[PDB]
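Peer 1: First, the structure itself, so that you have it in front of you.
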Ligand code: HEM
Ligand code: HEM
Ligand code: HEM
Ligand code: HEM
């Protein structure tokens, strides 16, 4: 059994994306924890875990289709030096995923590979949830003000 | 058994008020949860469930009296785009209920329909609490300030 | 994030459908209860809830896509006056959904909005099951005889 | 270890009969459930499961005697389009089994193959009971009325 | 309700394939058990059971669509006389499913029958997993050598 | 058994450091509790108990080394009069320990007293987490604002 | 609190090795599982998780020291093509760490940063155990024969 080659590139592309996200998300969570925004950092941590799970799932798909999963390649990280830049950085990678996946699923279906399209379909839904979560944080930051918003990310007492 | 025509019409009018309220309140909970005010959102969602229950209770009374429950007619929604706006809109519908129900109760008793009256008295009591809750929130927004009040409506961390 | 306008219009159209179904299904259930078809009534009730859930799900999708959910609009109720009439009425609405959704889905995918599409796919599947049930019920009335079918809808003793 | 050729041919014959039955019985059960006769459908389903076991049992025995089990061959399905037709079709396959097994056992015993004869005797006891159930159901259709009997086959409320 | 005649032929073809597989798989499990490869047989037996489930699922869909499930028609069995022959035989039936379904799902969507399409989309995923397992065992036979692989398919002690 | 003079001198210097800390931290905890900053106050108390254990472990090592633990000397306390002055005052002592134990740890390994050295290494590690926590608290006052950060140190409601 | 710039560069070097190892080890376990060597794959997975943990700890330390953990840089993966190539590759990376760390710790002690040294000493020790396991796996490959070794890496029955 061997996968369609355009599909495999697509998969590997997405995999590379997931790997970048695991790292960006994780380091952001540690940085959030270090700044003392512990309550937020757990959320951000969970996001990295979610991305890690996505990476494993793609990996299995690639392998079943007899491909080589690219563990070498890494994307470019945007590492935020503020909470606001951090959410912004995270937003950008998820948008990059949507931009790649929306066309990609259609291609997968045109290639008669429903299983792959289905996996990509799930990822897209998850990323949408994430983006929605991230944009709402920026919305809140303005509505509450930045300092007030930020106080909601610490614990009582902080750290 | 058959209801007094006037009472059934008052009951139907109240039903339309409930159906209106269920929607306005439910949508507002969805909106507040979506802007990330989740903790407030749970409260609003309950108040909507409360209206669902009233509506069912009015429906039962109507049917008992050989009436036709009107599920077709709906009131004019006031959808707010800030928390304040939302609170004020909900207040408005509650006030219309008191305006309708207060004479309506005195009429039910003249017609000798105590059971419909007691039902309506119960709704009045419930709407008075809601108004007290809403009116208070509005008070707090001023006392605390709007942003600070809003902050108390999000979890830690937010959403 | 922003939804394709057509997709959002589709979703809203479905919402309007759901809101009409909740009311028509609820009303029917209350009436079946009122006639003493308590057993049947509980199933119909459950159907109304399924719709209430479809309404919430669609409402979430719309908010996610920065759409404006329409809780103002409701459709034309078909309130049956016999079980057979109710069954036909309910069927008619379900068929309206299938007629809308089937092309709707194709469109969602062209527009590359899989998440919405999947949301609609589940709904279609759900409505197909509902139509099968109601159509079976009519077959049963014919096969059993109407009165004998109706007896299967009362508790022992009745109500 | 090597079986008698006549015996083995008899077992493969009975195996073909089972395979047929499993298909007929299962479909009929699926058919009764779709009609809304969920209560009868459960029993018929059980009857098919019973036939699955007999085919496994005969399958072991043939294998133990160094035989080739025939899973390629299927007999003529009789699919009923009414409950009465279904009960009759089911009875005919059952009587074909007794007709074959009764001389078939004496043959097994004559050939000095008791274990094989014992397995067949058990199938016969089992088929006799199924036949009694079926013939009784037809008597009940005449005793009760066909519609009234059919009403005994649905839940409350239906499906 | 009434489905597309093409969708119903595809579902019926697939039904034939499922019944063929249930049979080849089950016999193969029994042959492996007979040979003393008990640990392996249990796995094989599960696979035939998985196909029994797919057969039922297809059946429900066909009946929902007012179609007539074909339980009379069977495929051509390939019964293997070695473990290697069996894996290859089973692989051959799976590849065939993939051949049928890959175009058919595209077709099902074209005809706006998402529920039938999703169902087959699921069978594709399952068959893909089963192929992956089967291709792996054959690879394990070359890597380990056949006798050694075979050793891994028996209990301690055997049967 | 006899400790090296230089080492014992170092253990005693540290012991003095620990008693000073116990007092300074315990009083800061009590003052913070007085001020109504009860939630922070609990974390501070815990820091004091940590020091109390450190003193005891040093005392035993000194006793095991035939030394005379100094429970008569104390350093100067910096009692802070705001939350900010307390955090700076605590940090200042923390740094005074690191400055002493860094060269001290090297010296112990030189006189060949690994056990004493490791005891110190642990203290240093512990002391490091303490500094990072305090240095993070001061940043948060800047980031959140002093009034806001302080509101994260009280309970709901205050004390 | 600022770490020594040399120590920080070392921590970052090691982080780089850890990210490299996490990927290699994870891919290798995914590949082994794929080949059906399930039993070995689980251990290999556990190894990758260990480096995931190493990575996290080193990250805290750099953050504690006001450092910037490099999650951008990854090293050359050596992906193995047989169980043997896989063991030999993972070994090579492990040896690279002992090489880097042996002098780094000494350096850390000189710059007087024991807590960093201690973390590294703990990595050096775990790495030794890993090397000893892998070295032993190769040895058993010779003692048993590659085929026989491999047979102990699969379950009964395989995958
Ligand atoms: C790149 C830096 C990474 C960091 C800092 C990291 C960190 C962690 C940590 C600390 C855990 C908890 C596991 C345990 O307690 O043993 C974990 C879980 C896991 N990681 Fe990673 N990891 C990284 C990369 C990866 C990659 C590239 C993969 C590829 C799949 C991966 C796969 C997993 C999986 C499958 C889990 C368990 C998820 C679960 O518990 O549901 N990790 N990670
Ligand atoms: C947009 C309109 C509505 C929406 C979104 C909505 C949504 C919901 C939901 C999500 C539930 C919880 C269901 C569960 O148990 O999982 C519910 C409950 C209920 N609904 Fe509705 N519903 C709506 C309209 C109505 C209407 C018109 C009535 C008519 C009287 C009604 C009657 C009820 C009742 C009686 C409950 C049980 C309340 C409780 O105890 O929590 N609902 N609704
Ligand atoms: C080749 C002849 C077949 C044999 C020998 C066979 C055998 C069996 C056996 C032994 C069981 C377990 C029975 C029990 O619990 O009492 C079973 C279960 C089942 N059978 Fe069959 N069967 C056959 C064909 C079929 C067919 C045609 C269908 C219908 C399409 C079917 C559907 C099922 C289902 C749905 C289960 C339960 C599945 C589960 O629990 O995982 N089987 N079969
Ligand atoms: C200078 C003022 C001090 C104050 C106000 C103080 C206060 C306290 C108090 C109230 C307890 C709880 C007692 C109990 O549970 O019965 C405690 C526990 C303890 N104290 Fe002190 N203490 C001081 C100094 C010290 C000193 C100098 C040492 C050792 C040299 C010390 C060692 C300990 C230890 C080891 C505990 C055990 C509680 C635990 O951590 O499990 N304390 N202290």
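Cβ: placed from backbone, ideal geometry, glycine included. Neighbour counts: every protein chain shown. Throughout, read-outs are computed from the coordinates displayed, never taken from laboratory work.
Peer 1: Of all the residues in chain B, which one has the C-beta that comes nearest the axis relating B to C, and what is the distance in Å?
Peer 2: Taking Cβ atoms only, the nearest residue and its distance are B:74, 3.
Peer 1: Moving on to the next point. I'd like the FRET efficiency for residue A:147 and residue F:125, computed as 1/(1 + (r/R0)^6) with the beta carbon distance as r and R0 of 30 Å, rounded to 0.05. Walk me through the numbers before you get to the answer.
Peer 2: On the way: r = 33 Å, r/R0 = 1.10.
With a Förster radius of 30 Å, E is 0.35.
Peer 1: Quick check on chain E: helices-only [θ] at 222 nm, where DSSP H runs of length 4 and up contribute -39,500 (n - 2.57) each and the sum goes over total residues. Nearest 500, please.
Peer 2: On the way: 5 runs with 122 residues, N = 159.
Using -39500 (n - 2.57) per qualifying helix, the result is -27000 deg cm²/dmol.
Peer 1: Can you give the Kirkwood hydrodynamic radius of the protein assembly as shown from its Cα pairs, in Å with one decimal? Walk me through the intermediate numbers first.
Peer 2: On the way: mean 1/r = 0.0278 Å⁻¹.
Kirkwood hydrodynamic radius for the protein assembly as shown: 35.9 Å.
Peer 1: Can you give the angle from 0 to 90° between the axis of helix F:5-34 and the longest principal axis of chain F, with both taken from C-alpha atoms, to the nearest 10?
Peer 2: 20
Peer 1: Equivalent ellipsoid semi-axes for the stretch D:87-149, as square roots of 5 times the alpha carbon gyration tensor eigenvalues: give them largest first, rounded to whole Å.
Peer 2: Working: eigenvalues 212, 17, 8 Å².
Equivalent ellipsoid semi-axes, largest first: 33, 9, 6 Å.
Peer 1: Translational diffusion coefficient, Stokes-Einstein: compute it for the stretch D:16-57 using the Kirkwood radius over C-alpha pairs as Rh, at 4 °C and 1.567 mPa s, and state it as an integer in µm² s⁻¹.
Peer 2: 130
Peer 1: Can you give me the angle between helix C:83-110 and the longest principal axis of chain C, using Cα atoms only, in degrees from 0 to 90, rounded to the nearest 10?
Peer 2: On a 0 to 90 degree scale, this one is about 20.
Peer 1: To the nearest 10 degrees, how steep is helix G:38-64 against the longest Cα principal axis of chain G, on a 0 to 90 scale?
Peer 2: Rounded to the nearest ten degrees, it is 0.
Peer 1: Next question, about the same structure. What whole-number distance in Å separates the alpha-carbon centres of the stretch F:115-156 and the stretch G:80-158?
Peer 2: Each part reduced to its Cα centre gives a spacing of 37 Å.
Peer 1: Cα convex hull of the stretch F:49-130: how many Å³ per residue?
Peer 2: Values: hull volume 8.3 nm³, N = 82.
Normalising the Cα hull of the stretch F:49-130 by residue number yields 101 Å³.
Peer 1: Taking the square root of 5 times each eigenvalue of the Cα gyration tensor, what semi-axes in Å does the equivalent ellipsoid of the stretch E:1-137 have, largest first? Don't jump to the answer; show the numbers that get you there.
Peer 2: Details: eigenvalues 169, 42, 26 Å².
Semi-axes (√(5λ), whole Å): 29, 15, 11.
Peer 1: Kindly state, to the nearest 0.05, the FRET efficiency for residue C:88 paired with residue D:76, given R0 = 30 Å and r defined as their beta-carbon distance. Write down the numbers at each step before the final one.
Peer 2: Details: r = 40 Å, r/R0 = 1.34.
The pair residue C:88/residue D:76 has a calculated efficiency of 0.15.
Peer 1: Suppose a student asked you for the relative contact order of chain C, using Cα pairs under 8 Å spaced at least 6 residues apart; what percent would you report?
Peer 2: Details: 166 pairs, mean separation 48.3, N = 159.
Contact order relative to length: 30 percent.
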